[PDB]
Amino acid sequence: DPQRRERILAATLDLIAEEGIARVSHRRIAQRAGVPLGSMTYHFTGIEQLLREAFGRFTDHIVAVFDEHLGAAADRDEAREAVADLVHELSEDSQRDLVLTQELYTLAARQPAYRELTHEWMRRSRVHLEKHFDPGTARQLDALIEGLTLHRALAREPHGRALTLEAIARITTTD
């Protein structure tokens, strides 16, 4: 099964989501991935590469979520509506994804090297956004999506879609 390496990455993500970044260790991960301890160092040069590849995988996943919503939009109007859907789904559908997102941000805040990950994440998000909006608005919009998602997710009383749709309409206005 050539999927042992992939399983290690997934178990690493599960571990971080459930117990936090500080609990990351070769032994704990091997157990969750159901692979011998030696498999950790056979496939990975160290914890950094492991973490980079793990968060990179999580990163690919969310980017695909952008693709799922935006790729199905025919014009600006559907795109704006699609973005609202994206914001609400990201803010409440998966607590695991919200936690992994926040873990990554804390890591990148602490260790600059990991900002290569967040930088590449923001860039890919913008790519799909630029399939409907110009580069500038796409950048402004990505920051809005980030903020709306965060404020809904950590809210005691999350705002509704009308408010989300209006902010989106406003940020994507060029008249």
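The first residue of the shown sequence is 1; numbering continues from there.
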item: Of 67-75 and 80-88, the one with larger mean CA B-factor; value: 67-75
item: Among modelled residues of the same chain, the CA temperature factor third for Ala22; value: middle
item: Position of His151 among the chain's modelled residues by C-alpha B-factor, lowest, middle or highest third; value: lowest
item: B-factor third for the C-alpha atom of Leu141 within its chain; value: lowest
item: Relative C-alpha B-factor of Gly56, binned into the chain's lowest, middle or highest third; value: lowest
item: Chain third (lowest, middle, highest) by recorded CA B-factor, residue given as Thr106; value: middle
